[PDB]
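# Chains from the complex, first installment, not repositioned:
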Amino acid sequence: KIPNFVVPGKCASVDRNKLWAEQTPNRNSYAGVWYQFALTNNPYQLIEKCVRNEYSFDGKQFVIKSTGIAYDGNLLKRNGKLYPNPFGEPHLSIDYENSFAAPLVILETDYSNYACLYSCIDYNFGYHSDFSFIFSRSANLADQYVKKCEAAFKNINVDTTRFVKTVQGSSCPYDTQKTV
């Protein structure tokens, strides 16, 4: 029970089929660059600051190039993929090199400003861990969009006070990050 990302109870039901209906035809619009505006405590994100995720869609998957400042303060690039769950479940799997793959539900997105992302894993002792993100198309994110994400996470009983803001903005060397 001790870490704040280990939470009583089964992973939430999040109405995946409605979401998959909404999103499948708009995969093309989800490509491009997304900045990680905020996230809940995540022991698997190696990139601490200036997190910049670049998605290319190929018709079957997305290829991701994630860059930013690692926790030791150095530049870091991570290779990712985002593809339909291999068992035919109505969600995607997010898979990164030298890591593992997890379910990734887009709870809500307008494609042009924000996306609200959610992953959950169940334990055999009746608890779960989940990991949530707020993505923006820019370094900052208007309040109105931040509040949309807050509502979508509260709708599935994710405690939104768990979100922490990620360093973004003028202190980030994005232009270097894009060179890889």
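All right, it came through fine. Numbers count the residues shown, from 1 in each chain, chains lettered A, B, ... in the order given.

# residues touching residue A:173, list them.
Going by Cβ atoms under 8 Å, 6 or more residues apart in numbering, residue A:173 touches A:50, A:75. Any C-beta I mention is one placed from the backbone N, CA and C, and that applies to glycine too.

# separation between it and residue A:52?
10 Å (Cβ to Cβ, to the nearest Å).

# Quick one: classify the residue of chain A positioned farthest from its centre as helix, strand or coil.
Distance from the centre of chain A peaks at residue A:125, with 25.7 Å (Cα atoms, centre = their mean). Following DSSP: H, G, I helix; E, B strand; the rest coil, residue A:125 is assigned to coil.

# any idea how far residue A:11 is from it?
Distance from residue A:125 to residue A:11, counting by Cβ to Cβ: 13 Å.

# swap in residue A:71?
Note on residue A:71: its distance to residue A:11, by Cβ to Cβ, is 28 Å.

# Of those two, which one has the most company?
Using other Cβ atoms under 10 Å, the more surrounded residue of residue A:71 and residue A:11 is residue A:11, with 18 against 11.

# Pull the contacting residues for that one.
Neighbouring residues of residue A:11 by Cβ under 8 Å, 6+ apart: A:120, A:121, A:122, A:128, A:130.

# Could you identify the buried members of those residues?
Buried subset of the contacts of residue A:11 (neighbour count, 16 or more other Cβ atoms under 10 Å): A:120, A:128, A:130.

# from those, which ones fall inside strands?
Here DSSP state E is the test, and the buried ones among the contacts of residue A:11 give A:120, A:128, A:130 as lying in strands.

# Of all pairs in the contacts of residue A:11, which one spans the longest distance?
A:122 and A:130 (9.8 Å; Cβ to Cβ).

# For stretch A:4-13, list every residue counted as buried.
Neighbour-count burial for stretch A:4-13 flags A:7, A:11, A:12 (criterion: 16+ other Cβ under 10 Å).

# Export those residues as CSV, with columns for distance to residue A:114 and secondary structure.
CSV is the format used below for these (distance: Cβ to Cβ, whole Å; DSSP: H, G, I helix; E, B strand; the rest coil):
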residue, distance to residue A:114, secondary structure
A:7, 24, strand
A:11, 23, coil
A:12, 20, coil
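
# Nearest to residue A:58 among those residues?
Nearest to residue A:58 among the buried residues of stretch A:4-13, with distances taken as Cβ to Cβ, is residue A:11, at 29.3 Å.

# Identify the residues contacting the closest residue to the closest one other than its chain neighbours.
Ranked by Cβ to Cβ, 6 or more residues apart in numbering and with sequence neighbours excluded, the top spatial neighbour of residue A:11 is residue A:120, at 3.7 Å. Applying Cβ under 8 Å, 6+ apart, we find residue A:120 in contact with A:11, A:12, A:103, A:128, A:129, A:130, A:131.

# then chain B, please:
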Amino acid sequence: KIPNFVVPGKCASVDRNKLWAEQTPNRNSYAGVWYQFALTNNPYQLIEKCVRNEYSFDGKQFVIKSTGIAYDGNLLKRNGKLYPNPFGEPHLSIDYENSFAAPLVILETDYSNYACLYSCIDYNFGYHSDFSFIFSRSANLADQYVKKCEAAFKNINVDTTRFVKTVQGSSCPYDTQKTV
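One more chain to add, chain B, which I have set with the ones above:
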């Protein structure tokens, strides 16, 4: 103050390239039924007792039907897949319906008696989590083979005192399990 499967330092090098080469020509021999003899503390495994994993190989991946008795005392079947890591890394991904996918290394096997399996993940805070397993072609497994896996795990710095025996034997309803 932390779980015994969260260990300081990084995942050790386990020479995957050598294993992968030895193992790609023998996929058909790895198919069939394997019984879980023992494992290290694993908060993801939903089957507690009588763990029986039936593998089928189709020429590109294994399809797995994993059955046994769940923590609640009911029979349980889980559908799983084991396929090459999607980035081209020299290990397999073990994937289960309604779960995540994780790297899985076959540290050692003779195909006809035993297999020693290993999964490890690095965190962002200077620790790793690893998950080890001893598999047998039968419900019991002779000391001769157990010792082989013990040596393999010790060779990669895993503390073998972490292994726990799984209930197997004439008490398990394997013929029911095989039927779903």
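
# Please reconsider the buried residues of stretch A:4-13 now that chain B is part of the model.
By neighbour count on 16 or more other Cβ atoms under 10 Å in any protein chain shown, the buried set for stretch A:4-13 is A:6, A:7, A:11, A:12.

# Any chance of JSON lines for these, columns distance to chain B?
Compiled in JSON lines, the buried residues of stretch A:4-13 are given as follows (distance: Cβ to the nearest Cβ, whole Å):
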{"residue": "A:6", "distance to chain B": "9"}
{"residue": "A:7", "distance to chain B": "13"}
{"residue": "A:11", "distance to chain B": "9"}
{"residue": "A:12", "distance to chain B": "13"}
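
# quick revisit: am I right that the residue farthest from the centre of chain A is in contact with residue B:44?
No: using Cβ atoms under 8 Å, residue A:125 and residue B:44 do not qualify as a contacting pair, with a distance of 10.4 Å.

# Just give the number of residues close to residue A:107.
Residue A:107 is flanked by 22 other residues according to other Cβ atoms under 10 Å in any protein chain shown.

# C-alpha coordinates for stretch A:115-129, CSV please?
What follows is stretch A:115-129, C-alpha atoms only, in CSV (Å, rounded to 0.1, in the frame of the first residue of the first chain):
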residue,chain,number,x,y,z
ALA,A,115,-4.9,14.5,-24.8
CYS,A,116,-5.7,12.8,-21.5
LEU,A,117,-3.9,9.4,-21.3
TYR,A,118,-4.4,6.4,-18.9
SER,A,119,-2.8,3.0,-18.2
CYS,A,120,-3.7,0.6,-15.5
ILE,A,121,-2.3,-2.8,-14.3
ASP,A,122,-4.0,-5.1,-11.8
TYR,A,123,-2.1,-6.9,-9.0
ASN,A,124,-3.0,-10.3,-7.6
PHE,A,125,-3.6,-8.8,-4.1
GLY,A,126,-6.6,-6.8,-5.2
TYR,A,127,-4.9,-3.4,-5.8
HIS,A,128,-3.9,-1.8,-9.0
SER,A,129,-1.3,0.7,-10.3
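
# wait, does it contact chain B?
Yes: contact of stretch A:115-129 with chain B (Cβ under 8 Å from any Cβ of the partner chain) involves A:121, A:122, A:123, A:124, A:125.

# same question, stretch A:103-111
Yes: using Cβ under 8 Å from any Cβ, stretch A:103-111 reaches chain B at residue A:103.

# Show me which residues of that stretch are buried.
In terms of neighbour count (16+ other Cβ under 10 Å), stretch A:103-111 has its buried residues at A:103, A:104, A:105, A:106, A:107, A:108, A:109.

# Just the ones of these in strands?
The members of those that map onto strands under DSSP E are A:103, A:104, A:105, A:106, A:107, A:108, A:109.
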